[PDB]
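Let me begin by presenting the structure, written as structure tokens, before commenting on it.
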Ligand SMILES: [Zn+2]
Ligand SMILES: [Zn+2]
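Residue numbers (my numbering), protein chains in the order written: chain F, 5 to 52; chain V, 892 to 1169; chain Z, 9 to 217; chain P, 892 to 988; chain S, 60 to 206; chain D, 4 to 150; chain U, 279 to 392; chain E, 1284 to 1427.
So, in structure tokens, the structure goes:
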């Protein structure tokens, strides 16, 4: 009911029916959920 | 554990064993035999009570184990009662050497020198048992202390070599919500400390803190059973619930707070009445 | 307790210095990093019924961009601030000609005084802060992200870039604990910068309303 | 970039969800071109450094040359670019891949 | 108890409950009380004997029926309230037989433990080898079968 | 409260055909037991138990003002669903309510007030044991409480 | 602790103080009657309430067939080997696992706890 | 389609033979359950003799229930692992569990070794009767 109209607009922002900006980029990265997948950051864990 | 005592709400009822309203007309000669020995010690040079003293007496016994468990001694309890009641009550307490901890209470001398001299003690006795606070923060019924065996509750730091080390620290979780008071408490991490109450977070930290807290609460329930949901779905819901700057309930209480056209309001509920207003 | 009371008053001063520094006022680095011993040693006596008076604890700071611009931080000794005490402070601002004033409160603020601040709000900006609130800097909480108050020049560019109206931005209540921390009024825009696990970093803009 | 990751992930969890799987893409490249790990490689390290720099510009999430767009573009692809730079670094391209 | 077992003044469906701790004896005669027949055990022995079984075997052409077991005081009905004061043996061959003295004061015995099941659960074969929800599902399916 | 927590916890009764509940001791006064000892004798059967005696102190104080059976009956009648036009009719209505509507299973005869006082005292006695923790609270799910 | 009833109307006697003599007096209400108090304690409540369960235990429980019986705890009063043991299982204790024993010998309702 | 037609040759079934275990495995399970019951009896004796010290954050009753539950929980795991190790490569219960098609380790152990503790609202079976779960037990019987 609340989230029905939230949509990715053609400026790549996420807005509702009122046209208010919910997110500047969908998911904060502008990517769809299907293509992404789990990966590892190699430079995070290891020591100096 | 010392920090836990300063947080958990402890009242006189928890640390007190039994209470008796003895008549005790003459303070010099006490009705209770054993009580007489140490009472005389406090009555060689009476102060502020020589002029008069209420005939009635209130004797309260304090459990030893509870007092030691809460790190409470005979002193601050007397000070707290005197501070709370000012000069209304005169408190005399025995020494910790005695197997029984005692605290004799009598009404002020000035009043002795209107409601009732006897019933008033019962009102005080009931009032002091529950309403009076010895040490802790109200609204926090119980506090648990444990070492986390999971990384999320563990403290992770970056060592000199640059590796991630998870330290084993003591973390306290409470059964009540007083975030502002607990956060200000000394020796309490004012950064990592948080609450599972979204309203408490909203009124203490803000809407953006709610947005982050709502993420963590929504993530915790979803990931409790090991399930995974993409973040972008978590973020979108938490963003719509905080887009307008105040807690937007998904019920009709918070949904109706949203501003939309007449037809949309009809879809939710109360269709007929809305159209008349439009 | 008298002994811990000096520690308590020190925390509010530390928060105020952090609060003032965040607002853009000039606060010395050593002043921000004032240890409890330094606060006690700088004065050196028993706090209660001693040297610290909430009038004495009042501090004056000046905006970095405009040295003439300054803000007053007033600590009242009375548990509840009265109309006369507020009236004393406003006259003090007139003597120094300081538009913005920050008022701390020990336990509560007189309901009559609440309307008084609104009445004088245009000529003088007065804000009341409970002592409990300032004991901790919420801005340093992990949940609270970094908040930056956008200048009108920045806000105009923001709307121009995204072709947005002010009503189309996310909103933040002027009573928000962070919003009160930065003393931002309606019509202001807050730039929130927070880490993102999908993008690394993410900038959010909230209109003050 | 390493310091930024530490702020983004204080807990030190390296698992992350990102668009392109670079390890499998490198593995696909090794098989498609019959790369021999034993023999010396003909890929100049600078071509790896230059190649990733050119690639980063093509992966546009927020388009625009103004500072507001550039900052948003840098933020939107920040995590991926850190992953891309560390995965396609010259050292790894010459040592293991 | 003696009168009920002899069916002299107290009918079979009358339940007498003594709460020893509370010093109360509750006698219930009203309707709506759910009860079941249980074999009476005295001195760690069944009052039901081979002679009772032999008479029941010739149920017809003998006029001996279930009512004679109740009249004989060998079996009696126990309601839920009385069952709280009853020390019940699941079987005679195992529970009240001489063994490690878990209990030596059995007052009643089950005729058969399988009578706890109802009509639809009583057609399930080996219901004690199935997961319990599957016995519940069959009780539903058994009422939708064809025949 | 100041005096609210001094007396303690008081017991009230919700009799049928009365809009609002009444203090328990008032019902005993209406039934014909005026003195406190006579009322407490129907509630506390062992006067040597100080714990039980304290539990009824707040109830006695609440109904201290009403000290006569007719006064108590008028109080019960005053709160009746159909208040009497005059005081005399109020007493008659209250008498009828207690005579038939209150604990009818105990009796409906004009001389059953003593039996109703004992059972009502037993209801209070049972309540005190639950409050004192001496007896466990009744289980609704327990199937011997069902019909 | 002692509860006193009036000797005239059999009503409750409540504590009262006479300033003339400064001695506790249990004075009847609505009865203009007074009595000489002797206990000197008008009110006492035990929050811990370490009330002995043996006093509450009823010797008749030895006749319960559902209670376990042990021959390893002979009765001290009479030496009867058999005894019936159980737990208090009463609220306000918060820890009810200790066993109370009651002698099974008729006419000897001795109760003890180990 | 490819493997549905190879399964026509290989075939897959499940029967009584897959639910059985070796006599040695049955003996091991019986020993574990017999010892686990004795362990719970000892915990009961400690509580009965007031020799059980409550752990922090828990009352005596919670301490006893925690100690009893872990003993019985450990027994189920010990017998469950033992039953799984007895399974052969040919066992069809294991084949469906190993492939992940259906069932789990707990299902195998319940079928072969022990169904385990039954809980209502997260706790052992309540004393619905007066201090008894059923009329077939003695009052205050906390055994498994
Ligand atoms: Zn009298
Ligand atoms: Zn004996």
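Beta carbons are placed, not taken as given, at the ideal position from N, Cα and C, and that holds for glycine.
Classify residue 381 (chain U): buried if its beta carbon has 16 or more other beta carbons within 10 angstroms, exposed otherwise. What you label residue 381 (chain U) is simply residue 103 of the seventh chain in a count that begins at 1. A residue is called buried when at least 16 other Cβ atoms come within 10 angstroms of its Cβ; residue 381 (chain U) meets this threshold and is buried.
Return the Cβ separation of residue 1326 (chain E) and residue 1292 (chain E) in integer angstroms, given the expectation that the two are a contact with Cβ distance under 8 Å. The sequence position of residue 1326 (chain E) within the eighth chain is 43, counting from 1. The sequence position of residue 1292 (chain E) within the eighth chain is 9, counting from 1. Taking C-beta atoms under 8 Å as the contact rule, residue 1326 (chain E) and residue 1292 (chain E) fail to qualify, at a distance of about 55 Å.
Would you please verify whether the beta carbon of residue 43 (chain F) is less than 9 Å from any beta carbon of chain V? Working through the first chain from its first residue, we reach residue 43 (chain F) at position 39. Not closer than 9 Å to any Cβ of chain V, the Cβ of residue 43 (chain F) fails to qualify, so no.
Check for me: the alpha helix (DSSP H) holding residue 322 (chain U) runs from which residue to which? Here residue 322 (chain U) refers to the residue found at position 44 of the seventh chain. No alpha helix (DSSP H) contains residue 322 (chain U), which is instead part of the beta strand (DSSP E) from 319-324.
Between residue 159 (chain Z) and chain P, is the shortest Cβ-Cβ distance under 9 Å, so that the two count as touching? As a working mapping, residue 159 (chain Z) is identified with position 151 in the third chain. Residue contact with chain P for residue 159 (chain Z): absent (no Cβ-Cβ distance below 9 Å to any residue of chain P).
Where the beta strand (DSSP E) containing residue 908 (chain V) begins and where it ends: Within the second chain, numbered from 1, the residue matching residue 908 (chain V) stands at position 17. Start and end: 907-913.
When you measure from the CB of residue 356 (chain U) to every non-hydrogen atom of ligand 2, does any distance come out below 8 Å? Within the seventh chain, numbered from 1, the residue matching residue 356 (chain U) stands at position 78. Flag set: Cβ of residue 356 (chain U) near ligand 2.
Would you say residue 101 (chain S) faces chain E, with C-beta separation under 9 Å as the test? Residue mapping note: residue 101 (chain S) aligns to position 42 of the fifth chain, counting from 1. It does not; no Cβ of chain E falls within 9 Å.
Based on DSSP bridge pairs, tell me the residues matched to residue 168 (chain S). Along the fifth chain, read from residue 1 onward, the residue named residue 168 (chain S) stands at position 109. Answer is S:98, S:148, bridged to residue 168 (chain S).
Mind checking whether the beta-carbon of residue 54 (chain D) lies closer than 8 Å to any heavy atom of ligand 1? As a working mapping, residue 54 (chain D) is identified with position 51 in the sixth chain. For ligand 1, not one heavy atom lies less than 8 Å from the Cβ of residue 54 (chain D).
Using the beta carbon as the reference atom, which residues fall closer than 5 Å to any heavy atom of ligand 1, ordered along the chain? Any residue whose Cβ sits closer than 5 Å to a heavy atom of ligand 1 makes the list: U:284, U:286, U:287, U:289, U:306, U:309, U:311.
Would you say residue 9 (chain D) reaches chain V, if we count a Cβ-Cβ gap shorter than 9 Å as a contact? In the sixth chain, the residue the question calls residue 9 (chain D) occupies position 6. It does; some Cβ of chain V falls within 9 Å.
By the criterion of Cβ-Cβ separation under 8 Å, what are the contact partners of residue 938 (chain V) in chain P? Looking up residue 938 (chain V) in the second chain gives position 47. Within 8 Å Cβ-Cβ: nothing; residue 938 (chain V) doesn't reach chain P, min ~58 Å.
Quick one, which residues of the stretch 133-145 of chain S are near chain D if we go by CB-CB under 9 Å, in chain order? Residues passing the 9 Å Cβ filter: 138, 139, 140, 141, 142, 143.
Would the beta-carbon of residue 914 (chain V) fall within 9 Å of that of residue 291 (chain U)? Here residue 914 (chain V) refers to the residue found at position 23 when the second chain is read from its first residue. Here residue 291 (chain U) refers to the residue found at position 13 when the seventh chain is read from its first residue. Not a contact, by the Cβ cut-off of 9 Å.
Mapping the DSSP letters down to three states, classify residue 55 (chain S) as helix, strand or coil. This structure cannot settle anything about residue 55 (chain S), because the visible part of chain S is limited to 60 through 206.
Strictly under 9 Å for the Cβ-Cβ distance: is residue 1242 (chain V) near chain U by that measure? Any property of residue 1242 (chain V) remains undetermined from this structure, which presents chain V solely from 892 to 1169.
Cβ-Cβ distance between residue 69 (chain D) and residue 59 (chain D) below 9 Å: For this step, residue 69 (chain D) is matched to residue 66 along the sixth chain. For this step, residue 59 (chain D) is matched to residue 56 along the sixth chain. In this structure, residue 59 (chain D) does not lie closer than 9 Å to residue 69 (chain D) by Cβ.
Excluding the 5 residues flanking residue 1422 (chain E) on each side, which residues of the same chain have their C-beta closer than 8 Å to its C-beta? Translated into positions along the eighth chain, residue 1422 (chain E) becomes position 139. So the qualifying residues of the chain are 1413, 1414, 1415.
Does residue 165 (chain S) have its Cβ less than 9 Å from a Cβ in chain U? The sequence position of residue 165 (chain S) within the fifth chain is 106, counting from 1. Using beta-carbon distances, residue 165 (chain S) counts as an interface residue toward chain U, with a partner under 9 Å.
Here's a check: name, in chain order, each residue in its chain whose Cβ is nearer than 8 Å to the Cβ of residue 978 (chain P), leaving out the five neighbours to either side. The residue you call residue 978 (chain P) lines up with position 87 of the fourth chain. In its chain, beyond the 5 residues on either side, 913, 914, 917 have a beta carbon closer than 8 Å to the beta carbon of residue 978 (chain P).
DSSP three-state label for residue 356 (chain U), please. Here residue 356 (chain U) refers to the residue found at position 78 of the seventh chain. DSSP places residue 356 (chain U) in coil when its eight states are reduced to three.
Pairs of beta-carbons, one from the stretch 36-51 of chain F and one from the stretch 1060-1068 of chain V, closer than 8 Å: are there three or more? With a cut-off of 8 Å on Cβ pairs, the stretch 36-51 of chain F is not in contact with the stretch 1060-1068 of chain V, counting fewer than three such pairs.
Kindly provide the ranges of any alpha helix (DSSP H) runs that are 4 or more residues long and lie completely inside the stretch 57-101 of chain D, ordered along the chain. Runs found: 72-81, 90-99.
Going by the C-beta, is residue 388 (chain U) closer than 8 Å to any heavy atom of ligand 2? Translated into positions along the seventh chain, residue 388 (chain U) becomes position 110. For residue 388 (chain U), the CB falls within less than 8 Å of some heavy atom of ligand 2.
Any Cβ of chain A within less than 9 Å of the Cβ of residue 78 (chain D)? The structure shown contains no chain A; the protein chains it does contain are F, V, Z, P, S, D, U and E.
Mind pulling the chain E residues with CB within less than 7 Å of residue 200 (chain S)? For this step, residue 200 (chain S) is matched to residue 141 along the fifth chain. By Cβ distance, chain E contributes nothing, its closest Cβ being about 21 Å from residue 200 (chain S), past 7 Å.
DSSP has residue 306 (chain U) in a bridge; who is on the other side? Residue mapping note: residue 306 (chain U) aligns to position 28 of the seventh chain, counting from 1. Residue 306 (chain U) is bridged to U:291, U:311.
Below 8 Å between beta carbons is the criterion; list the residues of the stretch 1037-1055 of chain V that meet it against any residue of chain P, in chain order. Those would be 1042, 1043, 1047, 1049, 1055, in chain order.
Among the residues of its own chain, which have a CB less than 7 Å from the CB of residue 139 (chain S), if the five just before and after it don't count? By one-based count along the fifth chain, residue 139 (chain S) stands at place 80. Closer than 7 Å at Cβ, skipping near neighbours: 93.
What does the alpha-carbon distance come out to for the pair residue 1102 (chain V) and residue 38 (chain F)? In the second chain, the residue the question calls residue 1102 (chain V) occupies position 211. In the first chain, the residue the question calls residue 38 (chain F) occupies position 34. Using only the alpha carbons, I get a separation of about 25 Å.
Between the beta-carbon of residue 898 (chain V) and the beta-carbon of residue 1028 (chain V), is there less than 9 Å? Reading the second chain from its first residue, position 7 is the one you call residue 898 (chain V). Reading the second chain from its first residue, position 137 is the one you call residue 1028 (chain V). Between residue 898 (chain V) and residue 1028 (chain V), the CB-CB gap stays under 9 Å.
Span of the beta strand (DSSP E) holding residue 377 (chain U)? Within the seventh chain, numbered from 1, the residue matching residue 377 (chain U) stands at position 99. In the DSSP annotation of this structure, the continuous segment of the beta strand (DSSP E) that includes residue 377 (chain U) starts and ends at 377-381.
Keeping to the same chain, check which residues put their C-beta closer than 6 Å to that of residue 23 (chain D); ignore five residues upstream and five downstream. Along the sixth chain, read from residue 1 onward, the residue named residue 23 (chain D) stands at position 20. Hits under 6 Å: 82.
Have a look at residue 87 (chain Z) and residue 1048 (chain V) and give me their C-alpha separation to the nearest angstrom. Translated into the one-based positions of the third chain, residue 87 (chain Z) becomes position 79. Translated into the one-based positions of the second chain, residue 1048 (chain V) becomes position 157. Taking the straight line from one Cα to the other gives about 42 Å.
Take the Cβ of residue 131 (chain D) as the centre, count every other Cβ of all protein chains shown within 10 Å, and call the residue buried at 16 or more, exposed below. Residue numbering aside, residue 131 (chain D) sits at position 128 when the sixth chain is read from its first letter. Buried, since its Cβ has 16 or more Cβ neighbours within 10 Å.
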